[PDB]
Structures are given as C-alpha cells and as structure tokens.
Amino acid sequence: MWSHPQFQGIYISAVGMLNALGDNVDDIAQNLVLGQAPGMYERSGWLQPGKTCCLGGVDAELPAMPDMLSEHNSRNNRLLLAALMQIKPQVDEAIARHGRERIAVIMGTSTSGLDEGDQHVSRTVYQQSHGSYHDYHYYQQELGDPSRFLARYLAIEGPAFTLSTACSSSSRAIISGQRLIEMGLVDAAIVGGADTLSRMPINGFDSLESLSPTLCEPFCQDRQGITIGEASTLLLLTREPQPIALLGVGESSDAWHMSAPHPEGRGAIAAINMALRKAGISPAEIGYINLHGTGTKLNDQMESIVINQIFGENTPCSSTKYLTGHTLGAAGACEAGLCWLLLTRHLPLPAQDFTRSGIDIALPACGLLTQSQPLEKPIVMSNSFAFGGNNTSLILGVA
C-alpha cells in the first residue's frame, strides 16, 4: 500500500597547525603571504658527519605532556597537543554533541617519536647521563602512538589508528576519516598527523643522495633534492555543514619502485582522476594545485608531465616545500591545511620560488606560478606521491 515518502558530504569545521611558517593559523597565513618561514634555517647536530643542514623546524615552546600520560611524552605528541589546543572548543563540542563512541581519531606519521628512539639507543650504548633528561617509554616510538595518545587524552572510543604510508600518511588519514563518516560509523573525525625532526630520515635521505644541504628549489634547473621539515596538522571533519567542503579524494599505487615514481606518472594520474570524479568536476574547475614538488630530479619531472597531461598550461600550481620543507608523513595534512587557509582567509596563491636557479627548461609548461596571484575559482587540489608508490589527491571547496 502507499506510504508517506517523508516517513552525505564531509566538511572541515576547524584546523590547527604548527610548521616552519608559524605556531598558529594566524601567523602561518601572514608568513605564507610574505613568503618567509621563520623556522627554516641551517641547524647543526643532525646531518653526519658534523655537517649543518637547512631544516624546517617548529621552535615554539610546546605544551607539557600531562605526567599521567608520560608513556606518550614525545615531541611528536606535544606538536599534536599544540595543534589540538587551537581547535579544542570545536573538538569538545563534537564529543559532547555526537558522544565519545561516534568520533574517530585517524592520524598519519612516518616518525612518531623516532627522535626519542634515537636518543634511547645512543644514551644506552654510551651510558650518557648529562645530555639527556628524557623519560623514554617504548610507546613514544610506536607508529600507532599519535592516534593512541589523542584517543586516551580526549576519551574517544570510536575508530583510532595511524596510517604509515611514508609521505602520503596524513593525506590517507583524511581519506579514511572522510569514509568512516560517510559509512555512518562516526559523525566527526579528528584527522591529520605530525612528523618531527630526526637524524634517521635526514641521514637516510642523504644515503639516497636525495637530501639538498641548502634550501630545496622544486621544479628548478639546479635542484639537488629535498629539504626536511617537521609539522603537526589536525583537521576536524564533520557531516554537519561548514564553509569548506572536502569535495573529492583520490588514491592509487604505482607498483613500480620503492622510492622512485612511475616514470609515466600512471599512479599520480589515477589518484587525480579519482578525486575529480568524486567531486563531479573537470580539470578546468580547479583554481590552484598545491603540488608534491619535493625538489628531486625524478619527482618534479614526473609531476610536471602529469599536470601538463591532465590540466595543460593554464592551471595555477606551486609546491610550498621551499617554505615548510618536505614534512614527510605530515606533508599531506600540512598542505591540505595550507589549502584550507587559502580558501578561508582569501589569500593570494603562493608562487614557485624561481629567485635562485630558475625554472628547469626541460620540463613541460604546467602552470607553475612565477608570481603570486588571486584564486579565481573556489576549488583547490593538494597532491602527495610517497615511497612504496603510494599516491593521494584531495580537493577542497567553498560549500
């Protein structure tokens, strides 16, 4: 018989950030427009043997780890706690409204407390007493510690886990939180991640001949590899409408090499296409692309070819890694956060830095910004291409 017929999109409600551009979203927004990162400078004691290294650091005094949570006392978790303090009222409202069981905590990291693990090995091997005041716990170095710490701190009883897919970790975290809300398992998700400076990735990238000792120059003639940075980003995803929508997400694997990209960018193309089709838009509707653009020979070549193929020559794009550094596991959420700031604060688009060696003349035209300009369409894309050929594309838009 007849019955009465009257008887979902994910949004970003809040973002907390720390990186080389600043200790809060106000300072980061200002410094992004100015093109200056106060935390980006040469630091001693990281790169062996006895070398200085340009690094993107967070120099801010970080909140103390409450002493009842000392098992989680890493700089990595104190950076996450600093980001959480920026969005604490919004997080408290979500928990109170939806309940502890209907919030997820999905983090990404490639380090966790790796620096604390490094200190523990060196201090133990050489019985060092004076240099170190740190109360080490194995939990600090576990890759699952970011989500474990935040869930314990906030009493979140919903899904809680950390993605560790190298440079795509914290962008995969955004995808997984978005899906857990779409699925109806939770109403909101705290997503993002943090990576902290450690001798292990700095000397590891040096061993790959992929570390620039001097500030990276993505897409430039003289580029000699990456500049490492650290960052924390937390985004509060929700089914409740907010000014900024997460319009599209895309993911792929190259199945090519553990550290070099697919030479034809097959995986990058698949991730970008998937994000555009989820958002229901054409390449022409993108106002800006925040590129991966690490400053390696192979990454920047592949990426210029992929953007030329999908977008042509007229879509504004740049890599901001000459400001933040390559924040590794934190890069996906850091750059999504910068894209959220461009949209919410109506900021001019950041130029590619061509002030040093100039553009690589062998790369195809792909719309690299030679100067700052206004955003002409209220939709932005951020891409991440990681070790193990792991690719993400995120699309943010004004709702």
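For every residue, the number given is its place in the sequence shown, counted from 1.
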property: Unresolved deposited residues in the interval that joins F7 and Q8; result: 4 to 9
property: Segment of higher mean CA temperature factor, 343 to 351 or 55 to 63; result: 343 to 351
property: Residue stretch of maximal mean CA temperature factor, 69 to 77 vs 94 to 102; result: 94 to 102
property: Residue selected from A155, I310, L180, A275 by maximal Cα B factor; result: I310
property: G250 - Cα temperature factor, lowest/middle/highest third of chain; result: middle
property: Where the record places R172 (Cα B-factor, split into thirds across the chain); result: lowest
property: Third assignment of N390 from its chain's C-alpha B-factors; result: lowest
property: Chain-wide C-alpha B factor ranking for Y133, given as lowest, middle or highest third; result: highest
property: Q221 CA temperature factor, ranked by third within the chain; result: highest
